[PDB]
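Given next, in structure tokens, is a single chain: the form deposited in one PDB entry.
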């Protein structure tokens, strides 16, 4: 308790001395309270006019229009320590898993050089804006690294000072840029050297990208077994138990020297002990500790979520296969079987799973999995939108399975070659493209974000009619040579000024390991759509008056935007479409 966290606590206490008080009406139970000090201040979702002007029919679809307008009583719930039988299975699996992830990997500290190169190309590392201003500035200053160094040597002694979380079904936990570095130095390797690639982790999909996920599920489907299950966990970050945080820490048994200690520090002092600063209108800043839950770097979170989820799902598989009988206690002769299962078939069982953070698809050996819930529910990994003890509804077709907000279509090119293409409700896709995050955007920046979306649609969602059209319109309405932008950057191959037909060929034909014939496609008309009825089901306006008026007169919308932007150099991309071709 207060020995490990109190130092950090005292330091803030003293900086806001003229304000301190123990508020006798503090709304926490599960969060350990400490006090309050005076503040007064807060970003909301602005509309992108380049994208909106070029998608007029949607100005009247509420599912689209509402997306641009607008539980903290779930971060304040407490998870129950698992049984002795559960806690044993988790610890055995974590060991075997970590060793497997490390069989062909070397843990290693990430560097200041690598950290600087991250910041000098916009990758949301979650910092605060105060002694400097932006991320860029502070990295180029030497004083910073003297503060970073103090804390680094502090960590080598097992004490912490400036590493405090800032809260703001999502809960974002911004840290000050220094503690970010040190979190990155120790654990960045997990991300940077791809510990959860599919090659390496067998269940994982890090670095895979939306044009592979579909092919991966279809490969999974090919295994002999039961239904594909895809259970969403209810508030996964909040259901991370202290035993989870401890099994994750077992990565350090793979380390040495300076590293092993620094890794051990981050886990000990920031992950398995926490300190956080939250707003409250009655306006103040409450300083609260808790020992468990997730509250890390958005990246490390991903890797450790994937790891613990991989673990849960091997175990739930075990309960289905009847490897263990009860979670109340493991017999010694049950350990020998649990251990031998992992060694005999564990790798094969990882290959029946596609896991991306809190998100999974399991094709288990049979449908006993569906009702194997004791370990799952006892680990705290309790299922969303279904009763605790009601068995899992599982999917019979891989083209129906939800995965990373998407579903995946099989789609036969006019030449017999097979595309597996990502997809989701068109109102969702068009709604996101109509939205920008932040203040002080120029028409040029707004235009270049519009372009980023258009090029994604062209690469990923070319098979949806409204999107190939809106995409050609946007790319026509925005100067040909202006570069796509994005303030919060998976593989993102649409971020480029290259010919989008050339990028398509490289991605879907040339580099696509599931495509044997490498015959490049010569024009967009060779590139097919979903069925017209399939397009409507996935939220197309094809067949409506308004949609046809829009298509008819598209060149008039394109010019409207061109007129606002100015006398630049523009290309007409609509003659790539059969119907705008004479």
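Numbering follows the first chain given and starts at 1. Between two forms, the rigid core is defined as the largest C-alpha subset superposing within 1.5 Å.
The protein also exists as the form deposited in another entry; that form is not presented, and the subsequent description refers to it.
- Once the core is superposed between this form and the one not shown, every option in 323, 230, 370, 501 stays below 2 Å in C-alpha shift except 501.
- The two forms, fitted on the rigid core, differ between this form and the one not shown by 2 Å or more at the CA of residue 453.
- Residue 474 is among the residues whose C-alpha shifts by 2 Å or more between this form and the one not shown once the rigid core is aligned.
- Shown in the overlay between this form and the one not shown, fitted on the rigid core, is a CA shift at residue 35 smaller than 2 Å.
- Between residue 177 and residue 438, the Cα distance is greater in the other form than in this structure, by no less than 3 angstroms.
- In contrast to the form presented, in the other form the C-alpha positions of residue 206 and residue 124 spread farther apart by 3 Å or more.
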